[PDB]
Structures are given as C-alpha cells and as structure tokens.
Amino acid sequence: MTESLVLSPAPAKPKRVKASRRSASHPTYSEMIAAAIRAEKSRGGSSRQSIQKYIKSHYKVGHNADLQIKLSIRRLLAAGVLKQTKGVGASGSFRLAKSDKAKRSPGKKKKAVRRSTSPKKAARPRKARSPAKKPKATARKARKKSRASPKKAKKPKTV
Amino acid sequence: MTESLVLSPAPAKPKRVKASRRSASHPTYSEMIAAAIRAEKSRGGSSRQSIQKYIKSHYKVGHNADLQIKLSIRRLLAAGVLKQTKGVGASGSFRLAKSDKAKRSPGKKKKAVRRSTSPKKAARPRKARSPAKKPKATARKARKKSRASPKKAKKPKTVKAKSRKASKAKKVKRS
Amino acid sequence: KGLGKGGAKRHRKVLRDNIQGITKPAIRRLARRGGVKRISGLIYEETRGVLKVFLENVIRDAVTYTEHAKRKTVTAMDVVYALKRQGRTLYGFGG
Amino acid sequence: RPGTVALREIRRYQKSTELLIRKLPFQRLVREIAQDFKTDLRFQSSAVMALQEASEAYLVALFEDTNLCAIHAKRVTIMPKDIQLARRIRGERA
Amino acid sequence: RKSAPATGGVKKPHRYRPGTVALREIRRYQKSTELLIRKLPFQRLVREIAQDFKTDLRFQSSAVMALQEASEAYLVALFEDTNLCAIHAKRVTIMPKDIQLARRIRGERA
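About the criteria used
Residues numbered from 1 in each chain as written, not as in the entry; some residues may be left out. Chains lettered and ligands numbered in written order. Part of a larger assembly, values for the part shown. Heavy atoms only, no water. Helix = DSSP H or I, 4+ residues; strand = E, 2+ residues; numbered from the N terminus. Rg over C-alpha atoms; globule rule 2.2 N^0.38 Å. Buried < 20%, exposed > 50% of the residue type's maximum accessible area, 1.4 Å probe, protein only. Contact = heavy atoms within 4.5 Å. Areas by Shrake-Rupley, 256 points an atom, 1.4 Å probe, with all protein chains shown as cover. UniProt positions renumbered as here; feature names shortened; annotations may be inferred. Buried area = accessible area lost by both parts, 1.4 Å probe. Polar contact = N/O pair within 3.5 Å; in protein donor to acceptor, adjacent residues only side chain to side chain. Nonpolar A, V, L, I, M, F, W, Y, C, P; charged D, E, K, R; others polar. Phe/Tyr/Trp six-rings, centres within 6.5 Å; stacked < 30°, edge-to-face > 60°. Salt bridge = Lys/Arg side-chain N within 4 Å of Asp/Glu carboxyl O. Core = buried A, V, L, I, M, F, W, Y, C linked by side-chain atoms within 4.5 Å. Axes fitted to C-alpha atoms, helices over the stretch in contact; angles between N-to-C directions. Parallel < 35°, antiparallel > 145°, perpendicular 65-115°, else oblique.

Chemist: In this structure, what is going on with the overall build of chain B? I would like to understand it.
Modeler: Summing up its helical and strand segments, chain B has eight helices and zero strands in all. Of the regular secondary structure in chain B, the N- to C-terminal order runs α-α-α-α-α-α-α-α. Here the C-alpha atoms of chain B give a radius of gyration of 20 Å, more than 25% beyond the 16 Å that 2.2 N^0.38 yields for 175 residues. Each principal axis of the C-alpha atoms in chain B carries an extent, and together these give about 55 × 50 × 30 Å. Per-residue burial for chain B yields a buried fraction of 21% across its 175 residues. In chain B, the proportion of contacts linking residues at least 24 apart, taken out of those at least 6 apart, comes to 33%. Carbon and sulfur atoms make up 54% of the accessible area of chain B, which amounts to about 14,300 Å² in all.

Chemist: Before we go on, may I ask you to explain the arrangement of the chains in this structure?
Modeler: Looking across the four pairs of chains in contact, one finds the most contacts between chains C and D. Note that chain A does not reach chain D: the shortest distance linking a C-alpha of one to a C-alpha of the other is 20 Å. One thing to see here is that chain B and chain E don't touch, and their nearest C-alpha atoms sit 13 Å from each other.

Chemist: It is not clear to me how the UniProt feature "domain: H15" in chain B should be interpreted in this structure. Could you clarify?
Modeler: Mapped onto this structure's residue numbering, the UniProt feature "domain: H15" falls at residues 25-98 of chain B. In this annotation, residues 25-98 of chain B is assigned 46% helix and 0% strand; the end-to-end C-alpha distance for the span is 24 Å.

Chemist: What is the right way to read the environment of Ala 34 of chain B from this model?
Modeler: Residue position: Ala 34 of chain B is located in helix α2 (residues 29-39). The spatial distance from the C-alpha of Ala 34 of chain B to the C-alpha of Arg 95 of chain B is 9.5 Å, given a sequence separation of 61 residues.

Chemist: Sorry if this is basic, but what is going on with the interface of chain C and chain D here?
Modeler: Interface size is often expressed as the accessible area that is lost when the parts come together. Tallying the contact residues gives 46 residues for chain C and 49 residues for chain D. Interface area lost by chain C to chain D is led by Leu 30, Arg 33 and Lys 37 of chain C, which between them contribute 16%. Our count for the chain C to chain D interface comes out at 16 residue pairs in polar contact. No other element matches the 15 residues that helix α2 (residues 44-68) of chain C contributes to the side of chain C that touches chain D. For the side of chain C that touches chain D, the class distribution of residues is 23 nonpolar, 10 polar and 13 charged.

Chemist: Which parts of the structure should I look at to understand the packing of aromatic side chains?
Modeler: Each aromatic ring pair is characterised by the separation of its centres together with the angle its planes make. According to the stated counting rule, one finds two aromatic pairs over all chains in the structure shown. A ring pair is formed by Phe 54 of chain C and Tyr 58 of chain D, whose centres lie 4.3 Å apart and whose planes are at 5°; its orientation type is stacked. One end of the pair, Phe 54 of chain C, is in helix α2; the other, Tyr 58 of chain D, is in helix α3 (residues 45-72), on a second chain. There is no split in this pair, since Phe 54 of chain C and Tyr 58 of chain D are both buried. Centroid distance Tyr 65 of chain C to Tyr 81 of chain C: 6.4 Å. Interplanar angle 75°. Geometry classified as edge-to-face. Of this pair, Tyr 65 of chain C sits in helix α2 while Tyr 81 of chain C is found in helix α3 (residues 76-86), placing the two residues 16 residues apart along the sequence. Using a relative accessible area of 32% as the deciding quantity, one classes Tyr 65 of chain C as partly exposed. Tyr 81 of chain C sits in the partly exposed class, given a relative accessible area of 37%.

Chemist: Help me understand the interface of chain D and chain E, please; the structure alone is not making it clear to me.
Modeler: Contact residues are listed per partner, giving 14 residues for chain D and 13 residues for chain E. For the pair chain D and chain E, the summed buried surface comes to about 1,400 Å²; carbon and sulfur atoms form 64% of the total. By the criterion of area lost to chain E, the three top residues of chain D are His 72, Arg 88 and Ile 89 of chain D, representing 49% of everything that side buries. There are two salt bridges connecting chain D and chain E.

Chemist: When you look at the nonpolar core in this model, what are you seeing that I'm missing?
Modeler: Nonpolar side chains in soluble globular proteins generally cluster together in the buried interior. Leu 30, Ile 59 and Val 79 of chain C together with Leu 51 and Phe 63 of chain D are the most contacted members of the largest nonpolar core, which totals 50 residues. Elements supplying a minimum of two residues to this core: α1 (24-33), α2 and α3 of chain C, α2 (23-37), α3 and α4 (80-90) of chain D together with α3 (61-86) and α4 (96-105) of chain E. Of all hydrophobic cores here, the second largest spans 13 residues; its members include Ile 33, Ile 55, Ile 73 and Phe 94 of chain B.

Chemist: Mind showing me how you'd approach the side chain of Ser 99 of chain A here?
Modeler: Positionally, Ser 99 of chain A belongs in the loop between α3 (65-79) and α4 (117-121). For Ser 99 of chain A, a relative accessible area of 15% puts it in the buried group. Filtering out sequence-adjacent residues up to four positions away, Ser 99 of chain A remains in contact with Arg 75, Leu 76, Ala 79 and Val 81 of chain B.

Chemist: Hey, could you run me through the packing of α2 of chain B against helix α3 (residues 48-55) of chain B in this one?
Modeler: Two packed helices can be described by the angle between their axes and the distance between those axes. Residues and elements named next belong to chain B. Taken N-terminus to C-terminus, the directions of α2 and α3 make an angle of 110°; their axes are 10 Å apart at the nearest point. It follows that α2 is roughly perpendicular to α3 by the angle criterion. Seen from α2, the contacting residues are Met 32, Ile 33, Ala 36, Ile 37 and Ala 39; seen from α3, they are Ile 51, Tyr 54 and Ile 55. Of the residues that constitute the contact of α2 with α3, the class distribution is eight nonpolar, no polar and no charged.

Chemist: What exactly am I supposed to notice about the pattern of salt bridges here?
Modeler: Once their charged atoms are close, side chains differing in charge can pair, the charge on each being opposite to the other. Within this structure, the stated rule accounts for 19 salt bridges over all chains. Two residues, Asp 40 of chain D and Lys 72 of chain C, come together in a salt bridge whose shortest N-O distance is 3.0 Å. Taken together, the residues span two chains, with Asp 40 of chain D in the loop between α2 and α3 and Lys 72 of chain C in the loop between α2 and α3. Residue classification places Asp 40 of chain D among the partly exposed residues on the basis of a relative accessible area of 46%. Its salt-bridge partner being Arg 104 of chain E, residue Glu 64 of chain D comes within 3.1 Å of it at the nearest N-O pair. Here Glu 64 of chain D, found in helix α3, pairs with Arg 104 of chain E, found in helix α4, and the two come from separate chains. A single network of salt bridges, built from pairs that share partners, joins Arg 88 of chain D together with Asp 81, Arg 103, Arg 106 and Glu 108 of chain E.

Below is the structure:
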C-alpha cells in the first residue's frame, strides 16, 4: 500500500521535474544510483555523501529518502545486484560488478599522482635564484585561477 | 600483446584516423561493444550477427575479430556485467546491465531514454533521420567536455535560464 | 631525590606489616601458569577479592573443626577436612 | 617483542613444582582472616602450606577456565569479565 | 493488525520481529510450571537406552517422570549458563562455541 499512500508525495514534489519528460528523462526511485556510480571517478567506490550530492539535483525530494537509500541498497544486496570491497578510510563501498576487472584480483593496485606541488616548485628554487618576483605561471590568469592547462588558458585569451 | 611485437609497428597507423578527442572518432576496442549495445534497442539483447554488423562500421579489428570478439566477451562474462537470456530463437543476448536488476519484471517494457552518457550517442540519430533545433539533449557543452557542472554545461550556449539566473520564460514562450 | 634513580635512596617505603596484602608479580605468574599471554591489567583488584572469598570459606570451616577439637592449634588434618567437605579434597599430606 | 617471554614463562612454570605467592604475606593473611572469626588461633607449618597449596591450585584452575573465555570472545587477555563468567558457570560464585 | 501475505505491501518493520515473540515466550514460559519436551518420545528414549544396558527391565510412571523432569531442569540450567557464555561476545545467539566453554568449566567433559 506503500505504492499508493506514502508514494502520494511523488505526484506532488517529483511531479514538478521528475517524470517521463521527453526533453530529459528522470529516475523513478529505482534507477538513481546508476548515474552516480557508473559515471564515476572514484577508485574504490562511492560513499554516502558522494551519492547524496550526486542524486540531489532538482527532482530529488529527500523527505525520507535518506533512509530509503540504505533500505534499497540492502534490498539490492539481498537480491544480489551489487558487489563491494571492504574499507574504512574510504567513506563508502558502493559499486557494481564491472566487466573490466575479474572477481579475482590481488590487493595491490597501481599508483597515482597530482602534480599540485609543481606550480609551487616553479617558484620555490626560483626564490633561491635571481628572477624571484610576482607570480608568472600563466600571466594574470595565474593570479585569477592559479591552475590552467595550455588550452584552458588559451581559450579565454582568444575569446 | 599490449606492447609486444604485435603492437610494436602497429601504433603508427592509429595516429592518422584513430580515436581523437577532437569531436568524435572510432571508439576504442574496449568500448566499441558497449557503444554498439547502447545503440541497439532490443529488449532481449543483441545476437552475434547483430553485434558484428553494429561494430562493422568503419575501421575495426575485423581481421581477427572471429576469435578476438568471443575471447573478449568471455573475459567480460568472467567478471559479470554482460547478462544473458536463455533461448535458441535468438543467437545470443549479450545484454549490458543498465537498469535495476534481480527483479522479475514480467513482460514490462516502455519507451525509455537515459541521461548519464546516452545524450552524446542520441544526438547522432537526430542527424541521421530528422534535424535538430536544440529542444532535446544537454547542449553542445555536454559533447564538447564531459566533466562539466550544470553552470558551464548550460551557460555557453544560451544566456536565458530559469529563476536561478535571468528568466527562461521568454525562451519557453518562443519554444 | 628526583623521579629516577636517586642519589641517596629510592623506589620504596619503610613502613610494613600493617597495610599489606598485595602481590602483583605472583598474580602474573599464576596467570602464566594458567597458560595465558596477557592479563588485561585490572585483574589484581578482582583476584585479591576472589582470593579473599576462597580463604574465608575454607578458614571458616577450618576454624569450625578447630573449635570442636577444643584447641587453639590449626592442623593440616582440619585443613584437609575443610577442603574435603567442600569438594576440594586436597590429598597432599595427611600422615 | 612484547609477549614473547610470556610463552617462555609457560615452559618454566608448568614443570617447576613450587609456590608462586609469597609465603610471608600469606602467613600474615591467614591470621587476619582467622582472627576475626575467633581470637587467639595458633597456626602450624603444615597448615600454612596446605592452605596455600589449595589456594594456588584453585587460582591456576580458575585461570585456565578464564583462558577458554578469552579465546571464546576472540581475545587474548583476561578481562574481569572472564573471571566473573567462570565463577558463575562453575557454580562457585553462588 | 493486518498480515496480508499477498504481493501487495513490502511487509512492516515490526511484524513480531525475531526475538519479540521470544520476549513474549519468555514471559509465558517463566510464568507457569510444566514439562516442556515431549513425554512419550522421551519415554521411548529412556526405554531404548536401558534396553541395551539391560536386556529386560520394567518401568513405572514415577521413575520416567523423575528422569524427564531432571533432564529438563538440567537442560534449562545449561541454557542459562550457555546464554551467559553467549553474552560474552556481542551476540544474542547460542552457538556451539558457548556450549563447549560452559561444559568444560563445569565437571562435565573435563
């Protein structure tokens, strides 16, 4: 009767933006986590806060859906839909059984880099040497943004 | 094979017409199957000849595809995304796990469309059959750059937005 | 004086034999005699209470047999009888 | 290194045949308990050793029972919980 | 209070949850005196065991009742100690780990 009574807030708050809109489709409280956890950048999975910010966009109500996220994830776990690796440092573990990686794999997995210290190390020994003065990474946009790829700095310059 | 003798003289020719970030190009071998399945609309999945015809478009691995495609498909089944349906009338299912799974869903089918990554592909049949005006999709910024929040996803194309910024009622009236 | 190894003297008190009843090492060795690896620390207070109850029960029986014998001396036989009555029945020495 | 010689202590203490509690504190301990019940009680050399041996063996038996309580709770230490449970299950507590 | 086993409904969070009827059963079974296990199946058990011990042996109602009543009390007392073993771990389910520990502490099996 949960599909007739407590669902009645759905033809009220989701009625505004969440529907079978031909311009752009929207979830139906059963296909939400896919957009969050497949168009994903994380390496060990999504987290509670991550899926929260991913799924709040206009149509999301959240009146009591904070409970229904966990309840539906546990229902899908009982049904056998998702697969997860244990972790504590990561705030979450929600993922899918992806085709790229086998179910059997060793614990060690690759490395990464950020290169955020490179702009600062462009000036740190530049202090030791003569030409040390005001920032000059990408001209005035270095002061404006402090991080710009060649094309990302070219485009505003020509525009 | 990843960097062995098979692909030691190989990479020179890809530099000509391979997958380039400029506009759209030939999908990588790891993703041509996914693109073909997304293009296919069959509820029961794509058959063997259906997959072959769908990836036959332009340059491909068709020289050794007869074994390469089957080996890759078995590799992905060993992981678990490709779910299959049982039968003999259809050559094969090879379905991509896209919607909610493990539910019965007895004979339920509706006109469906997604938002996550479909729009870039879905803007192509618009070119194929009937031209556009941009009342569909998510602007040119979606296909120009993937990592874009809605602000810069919308603002380069149209300056007219909802009550959050300016007033889109005029564009809505003008259709 | 100082906290560490002082010049004159260190480590302990001189007054004795009126507030005693604590043996910290002995509980460790008995715990090791029980085959354990760690003791969890806060067991000295409990073991002393556990110890006192055990001796209270046997001595109560032992002093009860002593009163019947009409003497001020507590002997091994009475101690054995007290343990035997309650089921401990320490064989030990009885002859 | 922590806990290494604890295993070594098992080998020595389980083939040694001696008493671990200090005898002189135990000698004054039996007098204090007995004095409250009745006054002017004279002890004997055999009485002290007989009383001490039963108490030490009782502790060793109790500690072994608490050892099985630690492994039951995925533990290596004897918390006061182990002793309390062992006394109740064995029926010695009441 | 409606159950409705049919497809409609996603059940309820509180439908005599595991242990709640137990909380009802503990009150009922600790409020009256009775023999819990079956009588006749236990009677056959006593007769069968004694048959191997002794080829011929007769029985009376008082004898079998005393054996059954003592066995039920022995089992109930064991369960109380075994549950106390269960509470040692952060669990409310009696497991073979607890029964081994409880028996070994007592004179049984050790």
